[PDB]
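Protein sequence lines correspond, in order, to chains Bk, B0, BQ, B8, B6 and Bb. The entry's author numbering puts the first residue of the first sequence at 48, with every later residue one more than the last. The entry's author numbering puts the first residue of the second sequence at 39, with every later residue one more than the last. The entry's author numbering puts the first residue of the third sequence at 152, with every later residue one more than the last. The entry's author numbering puts the first residue of the fourth sequence at 94, with every later residue one more than the last. The entry's author numbering puts the first residue of the fifth sequence at 13, with every later residue one more than the last. The entry's author numbering puts the first residue of the sixth sequence at 27, with every later residue one more than the last. All C-beta atoms, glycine included, are put in the ideal place defined by N, C-alpha and C. Worksheet for the structure shown next.
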Amino acid sequence: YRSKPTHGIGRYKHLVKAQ
Amino acid sequence: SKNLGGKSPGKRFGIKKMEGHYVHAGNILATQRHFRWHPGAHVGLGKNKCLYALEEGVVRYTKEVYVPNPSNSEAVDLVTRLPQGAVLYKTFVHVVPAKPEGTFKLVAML
Amino acid sequence: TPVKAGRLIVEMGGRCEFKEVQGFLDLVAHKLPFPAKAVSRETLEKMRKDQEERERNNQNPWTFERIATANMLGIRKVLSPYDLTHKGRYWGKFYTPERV
Amino acid sequence: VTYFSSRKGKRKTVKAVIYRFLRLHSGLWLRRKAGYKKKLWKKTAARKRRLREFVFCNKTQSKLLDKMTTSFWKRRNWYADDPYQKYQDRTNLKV
Amino acid sequence: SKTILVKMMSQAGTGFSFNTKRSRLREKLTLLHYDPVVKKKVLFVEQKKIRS
Amino acid sequence: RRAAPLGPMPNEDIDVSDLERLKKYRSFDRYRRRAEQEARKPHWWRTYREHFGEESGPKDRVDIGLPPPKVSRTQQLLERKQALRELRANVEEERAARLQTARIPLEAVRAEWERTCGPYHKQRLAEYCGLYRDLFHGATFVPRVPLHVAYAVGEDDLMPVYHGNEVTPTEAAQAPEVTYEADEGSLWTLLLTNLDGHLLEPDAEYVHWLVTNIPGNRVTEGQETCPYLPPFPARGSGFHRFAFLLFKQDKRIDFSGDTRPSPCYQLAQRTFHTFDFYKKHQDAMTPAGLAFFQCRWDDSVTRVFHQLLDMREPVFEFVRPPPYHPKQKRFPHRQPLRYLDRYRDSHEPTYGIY
RNA sequence: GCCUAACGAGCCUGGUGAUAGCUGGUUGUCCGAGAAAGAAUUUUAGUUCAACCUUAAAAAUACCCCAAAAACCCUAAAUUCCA
RNA sequence: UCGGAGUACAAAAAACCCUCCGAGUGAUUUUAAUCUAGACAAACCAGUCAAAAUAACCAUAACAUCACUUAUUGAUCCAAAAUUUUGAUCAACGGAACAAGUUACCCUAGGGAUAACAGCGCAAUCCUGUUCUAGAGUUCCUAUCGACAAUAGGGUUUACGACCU
Ligand SMILES: Nc1nc2c(ncn2[C@@H]2O[C@H](COP(=O)(O)O)[C@@H](O)[C@H]2O)c(=O)[nH]1
Ligand SMILES: [Mg+2]
Ligand SMILES: [Mg+2]
Ligand SMILES: [Mg+2]
Ligand SMILES: [Mg+2]
Ligand SMILES: [Mg+2]
Ligand SMILES: [Mg+2]
Ligand SMILES: [Mg+2]
Ligand SMILES: [Mg+2]
Ligand SMILES: [Mg+2]
Ligand SMILES: [Mg+2]
Ligand SMILES: [Mg+2]
Ligand SMILES: [Mg+2]
Ligand SMILES: [Mg+2]
Ligand SMILES: [Mg+2]
Ligand SMILES: [Mg+2]
Ligand SMILES: [Mg+2]
Ligand SMILES: [Mg+2]
Ligand SMILES: [Mg+2]
Ligand SMILES: [Mg+2]
Ligand SMILES: [Mg+2]
Ligand SMILES: [Mg+2]
Ligand SMILES: [Mg+2]
Ligand SMILES: [Mg+2]
Ligand SMILES: [Mg+2]
Ligand SMILES: [Mg+2]
Ligand SMILES: [Mg+2]
Ligand SMILES: [Mg+2]
Ligand SMILES: [Mg+2]
Ligand SMILES: [Mg+2]
Ligand SMILES: [Mg+2]
Ligand SMILES: [Mg+2]
Numbered sequence: 048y049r050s051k052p053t054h055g056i057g058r059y060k061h062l063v064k065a066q
Numbered sequence: 039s040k041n042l043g044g045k046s047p048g049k050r051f052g053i054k055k056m057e058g059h060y061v062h063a064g065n066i067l068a069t070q071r072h073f074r075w076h077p078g079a080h081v082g083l084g085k086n087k088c089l090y091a092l093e094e095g096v097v098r099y100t101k102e103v104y105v106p107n108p109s110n111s112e113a114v115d116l117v118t119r120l121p122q123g124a125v126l127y128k129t130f131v132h133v134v135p136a137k138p139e140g141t142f143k144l145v146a147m148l
Numbered sequence: 152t153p154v155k156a157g158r159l160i161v162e163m164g165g166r167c168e169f170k171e172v173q174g175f176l177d178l179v180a181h182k183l184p185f186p187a188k189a190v191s192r193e194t195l196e197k198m199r200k201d202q203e204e205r206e207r208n209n210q211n212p213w214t215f216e217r218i219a220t221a222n223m224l225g226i227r228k229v230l231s232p233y234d235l236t237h238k239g240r241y242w243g244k245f246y247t248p249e250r251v
Numbered sequence: 094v095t096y097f098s099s100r101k102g103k104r105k106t107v108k109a110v111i112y113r114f115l116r117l118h119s120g121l122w123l124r125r126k127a128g129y130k131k132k133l134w135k136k137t138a139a140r141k142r143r144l145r146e147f148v149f150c151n152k153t154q155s156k157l158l159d160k161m162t163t164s165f166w167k168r169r170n171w172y173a174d175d176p177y178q179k180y181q182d183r184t185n186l187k188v
Numbered sequence: 013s014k015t016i017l018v019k020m021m022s023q024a025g026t027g028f029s030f031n032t033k034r035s036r037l038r039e040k041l042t043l044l045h046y047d048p049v050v051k052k053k054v055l056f057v058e059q060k061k062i063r064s
Numbered sequence: 027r028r029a030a031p032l033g034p035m036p037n038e039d040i041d042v043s044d045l046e047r048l049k050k051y052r053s054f055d056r057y058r059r060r061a062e063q064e065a066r067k068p069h070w071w072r073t074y075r076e077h078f079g080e081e082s083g084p085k086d087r088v089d090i091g092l093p094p095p096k097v098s099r100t101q102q103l104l105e106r107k108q109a110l111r112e113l114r115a116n117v118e119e120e121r122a123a124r125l126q127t128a129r130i131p132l133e134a135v136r137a138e139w140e141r142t143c144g145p146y147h148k149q150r151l152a153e154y155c156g157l158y159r160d161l162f163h164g165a166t167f168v169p170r171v172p173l174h175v176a177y178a179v180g181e182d183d184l185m186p187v188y189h190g191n192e193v194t195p196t197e198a199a200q201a202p203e204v205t206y207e208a209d210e211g212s213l214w215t216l217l218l219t220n221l222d223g224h225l226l227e228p229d230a231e232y233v234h235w236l237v238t239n240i241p242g243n244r245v246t247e248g249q250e251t252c253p254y255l256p257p258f259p260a261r262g263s264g265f266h267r268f269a270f271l272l273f274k275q276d277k278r279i280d281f282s283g284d285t286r287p288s289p290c291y292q293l294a295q296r297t298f299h300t301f302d303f304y305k306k307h308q309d310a311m312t313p314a315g316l317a318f319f320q321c322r323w324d325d326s327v328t329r330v331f332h333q334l335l336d337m338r339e340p341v342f343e344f345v346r347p348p349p350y351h352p353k354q355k356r357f358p359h360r361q362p363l364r365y366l367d368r369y370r371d372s373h374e375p376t377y378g379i380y
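Okay, here's the thing in structure tokens:
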């Protein structure tokens with residue numbers, strides 16, 4: 048959730064480049 | 039005209055019970071088009087990807103490590119291409135069970 | 152092309168002094184849709200330092216920032232949300248530099 | 094609805110109601126689901142079940158159906174062998 | 013291509029029917045279904061053609 | 027409106043710039059490992075461990091133990107290295123390995139295990155079954171001295187009591203044979219406690235068999251405080267746990283306070299708190315041995331209550347809470363007919379004035 | 001076109017108090033509360049359901065609401081939920 | 001009529017003769033049962049999930065799968081079938097069982113809730129000025145003009161809006 052400190056914890060796609 | 043049929047109602051996807059609420063078994067906790075919240079402890083998954091409580095208790099949300107089922111090709115591929123220190127995280131819903139499973143009562147003294 | 156206030160349109164270098172370039176650049180500047188100026192590095196930093204110095208000099212206690220952020224007089228009712236950032240300096244596409 | 098008949102000067106019942114609903118004595122009305130016989134091959138097992146149910150009408154509908162129906166249909170009936178006799182009274186209702 | 017709605021009958025001797033969409037240009041359909049009366053998984057063969 | 031992370035974000039460490047030069051785990055399994063290690067660390071965000079009861083989380087352990095045996099690190103290491111050299115040396119062994127034919131002399135492994143890391147495993151089993159939680163309340167001890175308990179089921183039959191094992195009350199009708207290794211300047215105390223199955227008092231337990239001032243390995247020679255009483259769970263309740271505790275004592279201790287009558291078939295007379303009993307004699311007694319078993323009601327138990335305790339026999343059920351129903355509504359809308367049956371009192375018609 | 005001063009079909013009586021989702025009108029005094037639109041509809045000049053509201057009546061919590069909590073690339077004013 | 005994305009930036013909902021993609025089904029075999037706590041959604045009708053329990057099968061064996069999966073659909077009555085079902089570009093897609101033009105020969109009821117005239121708003125179009133000079137003017141920007149552009153006004157035109165009648 049954007050307001051929270053934990054935001055983007057599940058963010059991955061920048062780690063694997065498949066395009 | 040060129041543009042047609044953009045008109046359809048909202049599906050009311052969202053999250054029905056919120057952290058700290060009390061639930062009874064079978065209550066729908068959330069409903070979603072894609073997995074946004076994953077089911078955690080004592081939370082069943084519907085075939086439409088909606089989450090419902092399997093036990094009476096209190097709803098809790100949590101971030102946790104995601105280890106996909108090896109029968110799922112896509113997810114395993116995604117996991118396999120990660121840099122070696124990296125760990126996938128996702129958001130989960132649990133129900134902390136409230137009532138004790140059952141009690142022992144005195145039936146008859148013979 | 153959209154152009155927001157405070158952006159450089161065209162950048163000229165050379166072995167020139169600022170004055171010649173200024174002379175003919177002010178024509179172009181004047182014929183642009185928005186109000187615009189001809190500036191150098193010196194001129195730009197000059198007007199920025201002047202801009203902040205004007206705002207730490209200010210005699211009256213009451214600044215647009217101070218009032219808006221704290222929602223004094225319920226003033227937020229009449230203001231836009233963007234105002235919290237713009238601080239009364241920008242209104243629509245207009246920018247008035249005199250506004251502290 | 095006819096409020097005053099011509100011959101008798103009484104209040105008629107709308108039979109179209111009597112054919113599709115069932116009034117328990119408590120005041121609850123009971124109805125079949127709509128489209129429950131229609132296009133069954135095209136539907137889920139679950140949905141089929143949801144259709145096969147007998148269900149209750151909300152208050153508004155209940156008052157409507159009552160108005161469309163004379164007093165006779167609200168009497169206490171005792172039928173021999175009746176499936177629904179079990180359901181006519183209400184119990185433990187705290188309101 | 014059109015499909016077809018066929019009525020399928022139990023070989024369990026129990027009259028029981030269920031309808032299925034089946035490819036028009038395909039062969040006569042035969043399946044293993046569940047018969048509720050005998051409570052078993054039995055063989056169903058297409059008896060009739062209902063809808064087109 | 028952004029907030030600021032509190033402490034480290036999980037993946038913030040590795041460089042996104044130049045992904046191609048980063049080493050990846052192409053193995054599903056490597057990933058699984060790394061993940062399970064990550065799931066064991068104490069994160070700053072709401073986590074599963076937090077809500078689901080790590081059971082006190084971090085706990086400083088008051089330890090009433092026997093001091094760990096003092097052994098030379100380097101010497102032991104050398105000896106083991108040597109032994110493994112010798113064992114790896116043989117060609118016979120390698121033949122046994124390639125051809126998938128080998129066996130391990132389980133009795134010897136059991137002996138070594140008893141001698142070496144056994145005490146710790148027994149400890150964590152005791153922790154698991156909550157021996158420490160119900161006895162000393164906070165306290166963990168490692169069972170330094172192995173305790174061998176067994177029952178006689180017949181002439182040739184011997185039923186062992188390992189930690190956590192299941193035994194039938196029929197087997198336990200007589201006092202068991204007890205064996206452990208000590209020379210004699212020694213004095214010991216053995217204790218058999220029924221941890222649950224006290225009827226009146228949730229926080230209290232039953233003493234079955236208490237023996238005291240035990241010379242050496244000699245079991246019978248010690249004065250018996252409380253004579254052996256066979257296990258008696260109750261019919262309904264499942265699996266009571268019985269505990270054999272072994273204390274190493276220094277001074278001879280005499281307690282007229284803890285002494286019980288010879289027949290002692292009264293239940294109010296055997297009522298026990300291992301905690302209090304230990305508090306008393308704490309200075310001389312240090313708990314050493316432990317072995318315990320799981321036990322459920324069986325036929326023979328019936329004889330006890332009637333014949334010994336002169337009681338009726340209590341029987342229990344397992345009762346689940348009644349199912350939850352929402353407040354009943356005057357006009358249940360779009361609800362199946364069977365709705366009216368959920369609030370039904372009992373299935374029987376009632377004709378009120380009729 | 002004409003058929004007794006108005007003929008795209010005479011006049012008169014009856015059917016007739018025809019029927020109008022359309023316009024007009026709707027008669028003493030004082031007091032209590034009090035309403036701007038979600039859904040269907042040959043429906044958008046209307047209805048019938050909701051939400052609000054009125055009059056009685058039963059109850060128990062009702063707003064306000066700090067942490068904690070609500071997504072994956074970037075993203076504001078702020079919402080939700082609650083002692 | 002139905003669905004996906006934006007509009008609608010973070011719970012839900014949310015309009016336009018708004019911006020963009022689609023649907024009125026294929027293909028396949030794993031042919032996908034009965035019954036029921038509790039819920040989602042919701043004006044109503046319709047929609048959605050789903051524990052436990054039965055029965056089926058390894059002998060403690062219930063989510064059909066893929067195509068962005070989301071959409072691939074239709075109420076009552078009535079007809080055909082006989083045991084248990086099937087039937088609508090009823091697509092004006094909450095669906096009249098079955099009906100087109102034309103009226104300047106027209107009529108009545110209304111509407112400034114809605115057009116034609118005029119006013120009003122606005123100023124796209126139109127009209128004025130100034131600002132800027134590359135250029136035309138043989139040479140020379142401004143005698144006379146003046147592209148690309150700039151700032152401001154006017155309220156004649158054609159529209160646009162539908163505010164009074
Ligand atoms: N397709 C279809 N037609 C129906 C239904 N109910 C009534 N009908 C009507 O019944 C009539 C049958 O005569 P038809 O015109 O088909 O020869 C038609 O006017 C048709 O519209 C129905 O359920 N389905
Ligand atoms: Mg949309
Ligand atoms: Mg809509
Ligand atoms: Mg005349
Ligand atoms: Mg009238
Ligand atoms: Mg109307
Ligand atoms: Mg008002
Ligand atoms: Mg219609
Ligand atoms: Mg109403
Ligand atoms: Mg809060
Ligand atoms: Mg509250
Ligand atoms: Mg709701
Ligand atoms: Mg089940
Ligand atoms: Mg229509
Ligand atoms: Mg319609
Ligand atoms: Mg609809
Ligand atoms: Mg009709
Ligand atoms: Mg003419
Ligand atoms: Mg007229
Ligand atoms: Mg008007
Ligand atoms: Mg209007
Ligand atoms: Mg005129
Ligand atoms: Mg005109
Ligand atoms: Mg005029
Ligand atoms: Mg006009
Ligand atoms: Mg006028
Ligand atoms: Mg103007
Ligand atoms: Mg020239
Ligand atoms: Mg300018
Ligand atoms: Mg004019
Ligand atoms: Mg205009
Ligand atoms: Mg308007």
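Within 7 Å of the C-beta of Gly-123 (chain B0) there is not a single heavy atom belonging to ligand 2. Contact with chain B6 is absent for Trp-166 (chain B8), since none of that chain's Cβ atoms lies less than 8 Å from the residue's Cβ.
Per DSSP, reduced to three states, the secondary structure at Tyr-46 (chain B6) is strand. Near chain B8, meaning a CB-to-CB distance below 7 Å, no residue of the segment 115-143 of chain Bb qualifies.
Going by beta carbons, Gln-361 (chain Bb) and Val-94 (chain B8) fall outside the 8 Å limit. As DSSP reads the structure, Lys-277 (chain Bb) sits in no beta bridge. Interface annotation, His-77 (chain Bb): in contact with chain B0, CB-CB separation under 8 Å. In this structure, the CA atom of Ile-53 (chain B0) is about 43 Å from the CA atom of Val-18 (chain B6).
Think of a sphere of 7 Å around the beta carbon of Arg-71 (chain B0): no beta carbon from chain Bk falls inside it, the nearest being about 17 Å out. Nearest C-alpha to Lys-14 (chain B6) among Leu-37 (chain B6), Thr-32 (chain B6) and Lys-53 (chain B6): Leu-37 (chain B6). The Cβ neighbour count for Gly-78 (chain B0), taken over all protein chains shown within 10 Å, is at least 16; the residue is labelled buried.
Pairwise C-beta distances place the segment 317-326 of chain Bb in contact with the segment 252-259 of chain Bb, as three or more of them are shorter than 8 Å. A residue is listed when its beta-carbon falls short of 6 Å from at least one non-hydrogen atom of ligand 3; in chain order these are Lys-45 (chain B0) and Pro-47 (chain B0).
The Cβ atoms of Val-105 (chain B0) and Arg-58 (chain Bb) lie closer than 8 Å to each other. In the displayed model, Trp-242 (chain BQ) falls within a strand according to three-state DSSP. Contiguous alpha helix (DSSP H) elements confined to the segment 257-309 of chain Bb occur at 300-307, taking only those with 4 or more residues. At a cut-off of 3 residues, the continuous stretches assigned as beta strand (DSSP E) that sit fully inside the segment 51-78 of chain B0 are 66-69 and 75-77. In the structure shown, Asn-208 (chain BQ) adopts helical secondary structure according to DSSP, grouped into three states.
In the DSSP assignment, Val-103 (chain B0) falls within the unbroken beta strand (DSSP E) covering 95-103.
In the three-state reduction of the DSSP assignment, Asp-175 (chain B8) falls in the coil class, being assigned neither a helical nor a strand state. Of all residues in the segment 124-139 of chain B8, only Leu-133, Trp-134 and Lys-135 place a beta-carbon less than 9 Å from a beta-carbon of chain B6. Using a Cβ-Cβ cut-off of 8 Å, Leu-41 (chain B6) does not count as an interface residue toward chain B8, since no Cβ of chain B8 sits closer than that to its own.
DSSP, reduced to helix, strand and coil, places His-147 (chain Bb) within a helical segment of the structure shown. Using a Cβ-Cβ cut-off of 8 Å, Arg-356 (chain Bb) counts as an interface residue toward chain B8, since at least one Cβ of chain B8 sits closer than that to its own.
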